[PDB]
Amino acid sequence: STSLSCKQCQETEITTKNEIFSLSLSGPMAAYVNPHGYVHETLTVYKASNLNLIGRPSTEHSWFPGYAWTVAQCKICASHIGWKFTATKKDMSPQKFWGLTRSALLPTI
């Protein structure tokens, strides 16, 4: 229903609350530890748009075993919004989703 927009440029829709989903047995809203020990608050959604991808998928320090990650940035302002996760194996489900930085969106949830 509600849009989630890039907090930096404000006008740009990234996804909607009805794309919010739970992977495996995790809640949709979760915090994970980055390689330097920062606690990073994310939201998992099936679909997102107005994002560029940077770099190639990587499984290093993957918060989601089985999935690789690729940095995702706002197409308009280049602010880092989150990551695209893609499955490393063909029988996994889903094959793709997005883990977005909560604090990079508006409204903030």
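For the two forms, the rigid core is made up of the largest set of C-alpha atoms that agree within 1.5 Å on superposition. Residue numbers here begin at 1 and follow the sequence given.
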- prompt: Core-superposed in 5 other deposited structures of this protein, which stretch deviates more in Cα positions, 51-59 or 34-42?
  reply: 34-42
- prompt: When the modelled residues of the chain are sorted by Cα temperature factor, does residue 12 land in the lowest, middle or highest third?
  reply: highest
message: Using the temperature factors of the C-alpha atoms in this entry, rank residue 54 within its chain: lowest, middle or highest third.
response: middle
- prompt: Based on the entry's values, in what third of the chain does the Cα temperature factor of residue 76 lie: lowest, middle or highest?
  reply: highest
Residue 22 CA temperature factor, ranked by third within the chain: middle
Modelled-residue ranking by C-alpha temperature factor, third containing residue 101: lowest
